[PDB]
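Letters A, B, C, D, E, F, G, H and I mark the chains in the order given here, with residues in each chain numbered from 1 onward.
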Amino acid sequence: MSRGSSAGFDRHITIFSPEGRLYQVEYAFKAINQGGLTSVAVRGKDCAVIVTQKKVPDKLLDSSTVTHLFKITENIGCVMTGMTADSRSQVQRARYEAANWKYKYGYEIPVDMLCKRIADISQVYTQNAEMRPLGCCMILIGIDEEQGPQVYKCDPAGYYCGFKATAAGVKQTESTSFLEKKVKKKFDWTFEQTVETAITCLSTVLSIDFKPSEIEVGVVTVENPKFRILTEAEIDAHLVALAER
Amino acid sequence: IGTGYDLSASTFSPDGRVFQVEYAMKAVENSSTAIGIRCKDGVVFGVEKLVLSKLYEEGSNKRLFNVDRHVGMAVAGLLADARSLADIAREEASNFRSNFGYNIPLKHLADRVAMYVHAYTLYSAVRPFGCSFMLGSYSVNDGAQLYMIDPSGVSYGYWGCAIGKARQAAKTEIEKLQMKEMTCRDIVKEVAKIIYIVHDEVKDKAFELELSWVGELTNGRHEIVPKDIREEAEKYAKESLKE
Amino acid sequence: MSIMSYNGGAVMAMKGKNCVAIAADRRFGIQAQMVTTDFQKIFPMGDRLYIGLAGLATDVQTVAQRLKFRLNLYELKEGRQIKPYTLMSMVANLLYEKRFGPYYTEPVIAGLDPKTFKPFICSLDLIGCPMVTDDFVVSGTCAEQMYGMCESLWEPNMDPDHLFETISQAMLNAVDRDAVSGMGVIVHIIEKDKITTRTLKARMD
Amino acid sequence: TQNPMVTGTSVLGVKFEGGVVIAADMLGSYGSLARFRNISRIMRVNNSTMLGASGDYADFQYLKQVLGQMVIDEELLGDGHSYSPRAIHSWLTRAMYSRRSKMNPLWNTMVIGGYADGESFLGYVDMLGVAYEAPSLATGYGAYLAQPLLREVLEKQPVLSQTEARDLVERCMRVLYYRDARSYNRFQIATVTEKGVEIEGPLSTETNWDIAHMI
Amino acid sequence: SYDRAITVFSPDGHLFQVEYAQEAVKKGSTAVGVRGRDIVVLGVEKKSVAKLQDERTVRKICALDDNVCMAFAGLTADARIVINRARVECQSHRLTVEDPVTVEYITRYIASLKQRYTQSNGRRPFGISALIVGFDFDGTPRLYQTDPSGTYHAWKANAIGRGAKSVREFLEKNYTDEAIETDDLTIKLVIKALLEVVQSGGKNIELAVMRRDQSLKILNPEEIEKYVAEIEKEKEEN
Amino acid sequence: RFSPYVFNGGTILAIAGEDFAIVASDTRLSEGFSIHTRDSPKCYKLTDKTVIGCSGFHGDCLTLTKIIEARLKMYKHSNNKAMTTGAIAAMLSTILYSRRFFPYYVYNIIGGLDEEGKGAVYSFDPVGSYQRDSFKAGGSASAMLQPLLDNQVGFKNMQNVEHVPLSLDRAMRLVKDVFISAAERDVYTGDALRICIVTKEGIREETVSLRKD
Amino acid sequence: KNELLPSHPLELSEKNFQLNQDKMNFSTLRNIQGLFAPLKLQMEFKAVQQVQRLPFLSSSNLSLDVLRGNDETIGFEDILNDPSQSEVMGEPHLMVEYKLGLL
Amino acid sequence: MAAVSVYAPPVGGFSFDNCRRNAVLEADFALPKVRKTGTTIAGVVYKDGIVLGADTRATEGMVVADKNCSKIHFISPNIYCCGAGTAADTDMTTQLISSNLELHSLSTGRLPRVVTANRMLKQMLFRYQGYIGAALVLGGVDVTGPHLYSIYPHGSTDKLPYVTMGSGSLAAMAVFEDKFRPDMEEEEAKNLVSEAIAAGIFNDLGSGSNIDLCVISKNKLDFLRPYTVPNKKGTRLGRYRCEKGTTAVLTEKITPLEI
Amino acid sequence: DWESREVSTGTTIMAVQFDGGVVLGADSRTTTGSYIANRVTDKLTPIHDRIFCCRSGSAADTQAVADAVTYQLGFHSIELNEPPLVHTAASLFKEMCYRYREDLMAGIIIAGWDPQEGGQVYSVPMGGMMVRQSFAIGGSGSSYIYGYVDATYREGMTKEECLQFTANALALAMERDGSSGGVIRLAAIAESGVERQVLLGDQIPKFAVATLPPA
């Protein structure tokens, strides 16, 4: 780094710990937790759904601008958890990479490749001294031509694995446990079923019943591969359906 | 508290906080309050510009910048960083007009400048900007749009906000103000009233109120409030403060 | 005049039964004036491997030296004798590295496989175009004469000594009809047991 | 530029008491083909400067973009200063000279009108960088056809009025239309005065062909 | 600290890293060179006569050019780098100017190189002191001494390395015009100085002789021992 | 193709004297067979003791004059003194040779008082070579003007003649006559004659009308 | 010198192919994204290139390739001539000083 | 190592610092030729996939250099290309694009798409401004179905049911226009391509020798190198078999090689 | 024998604007010299969902420019989260053509529909100039139908009327122009969508030939 490498093992990204752990990556994960929100993504056999809690702090704040659901391309959308600025930067980088892939290869980038590129950039961040890992987490969704719905979460360390039900944020562990319980019980996993699973998982881990304005839901289905943001009325309808049954 | 983690912007604290960005936010808080209220017709700015000496000519260290024909800029925090970011925004808007042939949307310009600030906060060679600013514009299609950018690099639209020393008091005043139903004239009068209310004459000896607005009455073009209307707003603020 | 005709040159390689032969002329001259009658156009690129370069003499020498550099580095790194196909690929890469301004030479490679001892002959173009043919490969300013002689004379499964006879006759009759080629012919007969180097008597005109 | 491609015919400018008036046709010709018959070859730089170009229209658009951006930026500065027409003339001369020195010149001949501080300005900038100020100007075939009449009138009467200058410019436009294959009937009169830059709409010439029947 | 960074000035005004390079120079073996009338001779005291080692590969006296010589005391690798650079510059000068390289010119070049390496804190200074000696175009004998800092000085007789001070006092006490007049006198003076530096002497003496219009030649151990015997006989006579 | 240079005409002439340095030029800017303008003096004053005349390609002339002015300002800022005529001549030579492979198509004549108060005339070529002369003519009609200057000022080919020192009035009359002749025989000259007289008091500008084409 | 004049019209283009590609990418980002993306990528490239082998030793530039997107792309540049097999290597100190800007 | 004054590190990439030699030599008097292949390559899109065709004659100038040349190049297990024009240029282009597509498939883990190869080829060719002479017929069967492209050296492509390239392309394309059916059978497509290649062979001087075929389908890849042998050498009547001692030698150097 | 000819589109491109959309049209012939390399090519390259472009000139250059502009416009639309404007695509094409006017030749006209200004037609000929036209024709065969389109063009034409007009003009061009031929490809862009039709054989309008008996 231009300023200079730090002294302590946990004070710099590059130098290792006696075990060999990199404490700066773990602190980036702690920053992701510091984001303050929780995001849940569920993969079905017909659609992929991402649900995250929307918290407009002040009335003066315009709720329209407050959103963590961003679209990378017309068919791929993402939900970001962690620092807002870092998440925006990663979203811009993913958009640029997807556009470049489309330009160079003649077909839309798969979700797995998008996260692979993002994770490679993250690894580059964690290896050099000048830069620092981004304190945010990326969860990408999209319908593949042959593999169907795909959900991938994409972390500061550089891990780009894919999941049947992804969770990220403050309540990542509890959401993961709930989603594992639900997955162990294999339902039909229809569109509305996946939406209900995500919403009820988030409500259970947050111990609160959401109104239409407290969450934002983005969906992408096989029939409609375009990334779609659920309108507040549709979220309210889903919540009413959950309440009834 | 990040005792050994607050020296570089590329170092994470054990809890996951970059303390240099927070120190930049505090530096912004050190500055006098600058408020801006968005209404149906447009956006009106207002800054409590403290005069350090009577020697300075009126208008010195202006906190209101015209980054584009239709975009205003009310800045707080360090003045030098404010000027630098204003120049960056001017280059961005110039470039958008040159390339796509039409005025840059307010949201896009806010995103560009916010990402510039975030990029500056990313590395250790450079330090995070010590200023926060408000980008506001009005258009016939886009409508009245007000945005605020934090030294961290966020970009959130507002119906009204404040940055500086008395941020919370101004925010409460704007909260109890019903901006969505008032015109630009009433909005500028209330902005002057709020600025006078939040000003602390004890700690701060004196200040000069700078007012600018962009809206339909200005034909979607940012400009300083005319001297007559500004004087009327100052008189109304004086009357409100007296009672 | 053609750049190849500036220095002349004529290299031929032929294949027999478990044996390969390569021959070249020994004339070096600027345009029409002769200088030396001992110029070397065939360079050893291994025990049972030779490469013959015809064309501009300076380009011939530069290509041979650079190829030897790359070959030595390759053999040191791998620790094994290079294969004829690998040598052909290396020559093609070397020539294509100078595609837009080329090395004015058309190398031909003849040798036996270091392991299988299978004859291998190939010819390269100006910019490194591989061309492997089981019958023969020729290169030089007398390509037409060499082609005619080889087509009229070559037979499958030639006995080493008679393979030498055939290649020597073809080269002699081809160079005797070319003005900028001749002044002696050198023939290398490469077999697994041994290699025979022979210099023929030719018209010094 | 290397291939002029779509070109302009000619721009005529003359200064009167109170400002300057310039005129140009609305035609952009690919070769001898008219093709584009509604383009405008006159731009308003600022409230006291005008500009007309003859040559590659793409280069004219590039200069339009650049000059508009400079004017917008200076207005944003809001320091109470304005680009005088002489300053724009000097900047254009420098830009053209630099492009010429780079062996990639802009193929337009530019006429710069203006009126600042009670002084009429009329500038000429060529492809190479030849710059000068004259009471009357004309580019392309203008310098051969219209310039004679303008110079004769001016050397007869040193100072003209707005109406006199407009009538003289209209007569010059008529002559150019009569005796120039790249000219067009529709033209555009632009005048700059104390009020500001005023660009008139498409105007046509009064054609006369009695000599056709005379033979 | 002040003594760790080359660029940082100490409060007194010292660049302590340059002085530490000078200390490293002092750690090196003694090198002695004197100047005489049409005779310039160098001498280096070998630290130890290491058996099973080729003396040719560890020589301390080298020839920058046909008319210039150089001996060093300090880090051997730095000396080799500086010698190669000096030879390259000598040839470049003989190319561009066509005239034989003056001792002043090459000494200035070496000093400039050392100073440039002292410039930045990223690069450490060359830890060597060089005794550049030779003849100019007119044949005037010239002896010079450079330092890691980048300062060069002409000397009638100088010693560098360990025990440099004592040898310098010896030379100052025993430098006379008569000794300079006779080439054998200068050679004997250098032998005596080096024998004062190291008691054992003999095989440890590495002496090189350069005369007018004659290339550098290193006397074999036979000649060195002959001169040592001459010095011993002279001492015995007294 | 593209031709970076065109000939815009123009004739310059400088005469040196004991206490004066006349720099005269015409005002005809003509490209091709047409006249761009009838008012464009080719002589530009640099300092109070130096006036430079530029003829040839107008764009190069303007650029060179602007560069000379900028360099004069830089010299004044650095050395805290105004550049002398000889210094200006040397700097102009260096500038001209700087663009040697893309030469300025400018004929430069520097006329002004030196440090001793004597008229100094420096003639330049497009490449940059220069020398000090007592009188010189440049531009389109240089060949026409020079012989009479040699005959009269130099008193060449004049047997049994009195070498009277060149007075100011005689110099002005000679300049007017030579430029009248040039307008008569050279199509690139006429309209007006700008005369810049550089004396210790200052620079005086005189305009004399010439016959139009 | 005449070396400044390209021998081939394509030579000047392909000699700076990587530089031109980076310039085009920066121009596209800056047209669309804004000033932040080119500046960010420039700092990233400077940081990765600042750490590598000394000039006389061939560097891998793995992080630079990953950032530039060439980690999985091969062109004629990578194969035709190997920087490892330079065939021409100057003095180590001379090359280091040249890179440092001293010469 | 090198000798004195080598400052810049080695610059990877093409080396064009060799055309001054070419200019000097041409000025001295009047360039040698390279194999242009005198090609006739054709391909069709039938019901199940792609059928490619090519000849096996490579011509240097007006003399047959190679009588058996493989002009159908491998790009991927499901994608193949045919080369026309400068032989070395097509070979290197196809090899480079094949390696890039192999890397892309390894990274993705799925079969490469024909559109990707077409995009890479055309982008590179445009980058080189047609200086690389690569007349290419690209065909393959990806997940989206069979695709056939015709890529020109300058970097222009076109997706068509049948394309022809090379000097003998006109005869093959005339045969196609005469006897083309939408949704042909495998045998019908093979026959049509073989007839087109044979017409090009027998009507174009640059084309000749044998006929190459490559049947690409979603099920199998059928590369048929000696598909047909229309032209063959005649029997040699007289025997010119040189006997031992026919040729006179001057020097003898027997060098045994250790085994 | 007949090689070394850069494949040029040799199109007759046409774009007519109606109320609430634009009608696009072009032939399908690309000739490498005089040989028809492709007779059913698609000259209407879509830039976005509701924006198309017509390519005239060098095939490779137009294809590369179209691909680059499509990439840039897609990225820009994703960034702005709004449907792209036709003027934005026209500006991108103009910038690309003007930057490399001396390197590539590409006569491209851009037509489409956006929510703000509705159906728009922009022409970007060689040189890099951009102008909005109610109807724009380009390519080698456009010269033979300039008078026809000038005479037979009306204001307020309906969608079907514009389609018929484009078909007639294009068919005349193909009949007269040797470089033009094949089939007529039409693309009517409106708010609802883009519907494309191909006219072949008898569908192509037929115009009676003189067929003078003595000839």
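List of remarks:
The definition used in the following text is that a residue touches a chain if its C-beta (ideal position, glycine included) is under 8 Å from a C-beta of that chain, and two chains touch if they have at least 3 such contacts.
Which chain is which protein? Per UniProt: A = Proteasome subunit alpha type-6; B = Proteasome subunit alpha type-3; C = Proteasome subunit beta type-3; D = Proteasome subunit beta type-4; E = Proteasome subunit alpha type-7; F = Proteasome subunit beta type-1; G = Proteasome maturation protein; H = Proteasome subunit beta type-7; I = Proteasome subunit beta type-6.
Where touching is counted per the definition, the chains common to chain B and chain H are A, G, I.
With centres taken as mean C-alpha coordinates, the chain found closest to the middle of all protein C-alpha atoms is G. Centre-to-centre spacing of chain A and chain E amounts to 71 Å, using the average Cα coordinate of each chain. Centroid to centroid, with C-alpha atoms defining each point, chain G and chain I lie 41 Å apart. Work out the mean CA point of chain A and of chain G, and you get 35 Å between them. Centre-to-centre separation of chain D and chain H, using mean CA positions: 59 Å.
Among the residues of chain E, none is found touching two or more other chains. In chain H, the residues touching two or more other chains are 4, 14-19, 92, 104, 107, 123, 131.
For chain F, residues touching at least two other chains: there are none.
Chain H makes touch with chain C in their complex at residues 14-19, 21-22, 25, 29-35, 58, 60, 63, 65-69, 86-89, 91-92, 131, 240-244, 246-257, 259. For chain H in complex with chain I, the residues that touch the partner chain are 122-123, 125-126, 130, 150, 152, 154-158, 160, 167, 170. Those residues of chain D that touch chain F in the complex are listed here as 2, 93, 96-97, 100-101, 103, 105, 124, 126, 128-134, 143-144, 147. Remark: chain B residues 99-102, 105, 108, 141 touch chain I in the complex.
Every residue of chain A that touches chain I in the complex is listed here, in rising order: 71-74, 95-96, 99-100, 102-103.
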